[PDB]
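This structure is in structure tokens; I'll ask about it shortly.
Nothing in this text is a laboratory measurement; each read-out follows from the coordinates by a stated rule. Heads up, the Cβs are rebuilt from the backbone with ideal geometry, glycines too, and the neighbour counts pull from every protein chain shown.
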Amino acid sequence: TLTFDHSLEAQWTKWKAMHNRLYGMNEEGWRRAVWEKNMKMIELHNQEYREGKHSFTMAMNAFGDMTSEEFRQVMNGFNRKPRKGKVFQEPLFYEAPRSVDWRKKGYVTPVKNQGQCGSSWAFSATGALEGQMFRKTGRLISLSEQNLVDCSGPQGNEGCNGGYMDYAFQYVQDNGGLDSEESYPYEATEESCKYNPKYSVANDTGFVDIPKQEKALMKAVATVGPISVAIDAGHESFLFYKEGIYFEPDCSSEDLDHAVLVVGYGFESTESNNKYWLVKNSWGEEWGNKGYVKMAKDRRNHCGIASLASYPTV
Ligand SMILES: [Cl-]
Ligand SMILES: [Cl-]
Ligand SMILES: [Cl-]
Ligand code: NA
Ligand code: NA
Ligand code: NA
Ligand code: NA
Ligand code: NA
């Protein structure tokens with residue numbers, strides 16, 4: 001789609017080089033038009049942010065030239081049977097703190113990147129299990145999402161098409177283990193099961209589903225550790241989120257399409273609409289705030305953060 005703002009040429013050339021992009025002549029043209037449309041969308045949003053019209057900023061990242069089909073590959077197809085897990089019982093007399101950050105306590109591995117594969121359910125599951133294994137042993141070991149992708153078909157998952165964290169937790173229970181990231185590295189595609197129990201570094205005894213309430217989620221995060229959740233991530237504002245508390249008016253509490261990990265919660269030093277969930281994504285460190293997003297908290301289950309929350313028991 002020819003016609004380009006050539007004042008973006010230097011940024012476009014740099015962006016292509018930073019993201020290993022090289023196009024023939026026809027593809028160069030329309031990819032550049034998609035990227036420029038997004039650049040201008042981001043720049044306008046941020047201008048509006050500087051005028052106090054949004055709670056968060058946006059930034060160009062690795063999604064800048066993608067088409068709809070490519071976005072869908074980074075979105076979870078999810079097949080929602082009744083949930084089955086044990087029900088989380090709120091500890092009434094535990095006093096949850098005003099702020100939690102499990103990263104700072106050693107529960108959380110570095111940010112990963114699911115690539116062009118609908119495997120966020122697997123990253124969410126490994127993140128929750130990484131946290132529970134650490135709480136149990138004091139050993140932080142990155143776990144194999146590829147193991148889950150290749151092997152948990154029987155439990156109901158569909159590899160890069162999508163899956164559920166509870167199905168992943170069920171697989172680890174049935175299977176008696178899960179291999180380490182180091183032994184079973186991630187390939188961003190579905191392949192034959194290669195689980196080797198000699199390299200298993202995790203186990204689980206089941207899983208717990210949290211009631212669909214932000215209060216219950218807050219108490220779960222405070223008392224358990226990181227929690228697997230699913231959200232409505234299907235908006236440009238999230239795809240190119242940079243910093244701040246994310247609040248998207250068009251967000252749904254019911255229609256979820258992407259799994260993430262809640263590792264904490266807190267508040268901004270200004271005035272209470274100032275609370276947030278601390279959320280680890282699986283879109284690499286280039287996305288968001290070094291791979292993290294602050295999601296609006298206590299704003300009527302914004303983006304469904306409490307609608308599909310669970311954790312494994314170990
Ligand atoms: Cl600190
Ligand atoms: Cl450690
Ligand atoms: Cl509920
Ligand atoms: Na601007
Ligand atoms: Na640690
Ligand atoms: Na990464
Ligand atoms: Na910013
Ligand atoms: Na900034």
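If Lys280 meets every condition in (1) within 16 Å of ligand 4 (Cβ to nearest atom); (2) of a type in the set (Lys, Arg); (3) under 18 Å from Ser307 (Cα atoms) apart from one, which number is that one?
All conditions pass for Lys280, except number (1).
Related question: State yes or no: is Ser200 of a type in the set (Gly, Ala, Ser), in contact with a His (Cβ under 8 Å, 6 or more places away or on another chain) and crowded, with 18+ Cβ neighbours inside 10 Å?
no
If I ask for residues that are closer than 16 Å to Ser310 by Cα and of a type in the set (A, V, I, L, M, F, W, C), which ones from the range 137-184 would you list?
Of everything in the range 137-184, those that are closer than 16 Å to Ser310 by Cα and of a type in the set (A, V, I, L, M, F, W, C) turn out to be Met165, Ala168, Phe169, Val172.
How about the range 82-110: which of its residues are within 16 Å of ligand 2 (Cβ to nearest atom) and outside any helix (DSSP H, G or I)?
If the condition is that a residue be within 16 Å of ligand 2 (Cβ to nearest atom) and outside any helix (DSSP H, G or I), then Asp101, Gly106, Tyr107, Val108, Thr109, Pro110 are the ones that fit.
For the range 265-295, enumerate the residues that are more than 16 Å from ligand 6 (Cβ to nearest atom) and either aromatic (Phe, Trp, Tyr) or in contact with a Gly (Cβ under 8 Å, 6 or more places away or on another chain) (or both).
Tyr265, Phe267, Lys275, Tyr276, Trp277, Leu278, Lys294
Only one of these is surrounded by fewer than 17 Cβ atoms within 10 Å (Cβ to Cβ), farther than 17 Å from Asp298 by Cβ and among the charged types (D, E, K, R): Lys215, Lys194. Name it.
The match here is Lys194.
Every residue in the range 266-309 that is closer than 11 Å to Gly244 by Cα and either among the acidic types (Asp, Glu) or outside any strand (DSSP E or B) (or both), please.
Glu268, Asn274, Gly288
Would you please list the contacts, defined by Cβ atoms under 8 Å and residues six or more apart or on different chains, that run from a residue in the range 53-74 that is under 12 Å from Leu239 (Cβ atoms) to a residue that is within 16 Å of ligand 2 (Cβ to nearest atom)?
none
Let me ask you something else. Kindly indicate whether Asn157 is of a type outside the set (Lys, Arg), surrounded by fewer than 21 Cβ atoms within 10 Å (Cβ to Cβ) and over 19 Å from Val224 (Cβ atoms).
Taking the combined requirement at face value, the residue does not satisfy it.
Being of a type in the set (A, V, I, L, M, F, W, C) and over 17 Å from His235 (Cβ atoms) is the filter; apply it to the range 28-52 and report the residue that is nearest to ligand 4 (Cβ to nearest atom).
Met39
Over 24 Å from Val74 (Cα atoms), touching a helix residue (DSSP H, G or I) at 6+ places or on another chain (Cβ under 9 Å), more than 16 Å from ligand 7 (Cβ to nearest atom) and β-branched (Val, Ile, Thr): is that true of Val229 in this structure?
no
Looking for something over 17 Å from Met75 (Cα atoms), of a type in the set (D, E, K, R) and within 16 Å of ligand 5 (Cβ to nearest atom) - is there at least one such residue anywhere in the range 112-133?
Taking every residue of the range 112-133 in turn, at least one turns out to be over 17 Å from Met75 (Cα atoms), of a type in the set (D, E, K, R) and within 16 Å of ligand 5 (Cβ to nearest atom).
Here's something else I'd like to know. From the list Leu129, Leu140, which one is surrounded by 19 or more Cβ atoms within 10 Å (Cβ to Cβ), over 25 Å from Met66 (Cβ atoms) and touching a helix residue (DSSP H, G or I) at 6+ places or on another chain (Cβ under 9 Å)?
Among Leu129, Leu140, only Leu129 is surrounded by 19 or more Cβ atoms within 10 Å (Cβ to Cβ), over 25 Å from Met66 (Cβ atoms) and touching a helix residue (DSSP H, G or I) at 6+ places or on another chain (Cβ under 9 Å).
It is to be established whether one or more residues within the range 48-63 are charged (D, E, K, R), more than 20 Å from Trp283 (Cβ to Cβ) and away from ligand 7 (no atom under 16 Å from the Cβ).
The answer is no, given that none of the residues of the range 48-63 is charged (D, E, K, R), more than 20 Å from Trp283 (Cβ to Cβ) and away from ligand 7 (no atom under 16 Å from the Cβ).
Yes/no matrix, rows are residues, columns are (1) in a loop (DSSP other than H, G, I, E, B); (2) among the small types (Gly, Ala, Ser); (3) touching an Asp or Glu at 6+ places or on another chain (Cβ under 9 Å); (4) within 16 Å of ligand 2 (Cβ to nearest atom):
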residue: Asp179; (1), (2), (3), (4): no, no, no, no
residue: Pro185; (1), (2), (3), (4): yes, no, no, no
residue: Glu191; (1), (2), (3), (4): yes, no, yes, no
residue: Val201; (1), (2), (3), (4): no, no, yes, yes
residue: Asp204; (1), (2), (3), (4): yes, no, no, no
residue: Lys212; (1), (2), (3), (4): yes, no, no, no
residue: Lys215; (1), (2), (3), (4): no, no, yes, no
residue: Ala220; (1), (2), (3), (4): no, yes, yes, no
residue: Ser237; (1), (2), (3), (4): no, yes, yes, no
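Evaluate the range 247-269: report whether one residue or more is hydroxyl-bearing (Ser, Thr, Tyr), within 16 Å of ligand 3 (Cβ to nearest atom) and surrounded by 22 or more Cβ atoms within 10 Å (Cβ to Cβ).
no
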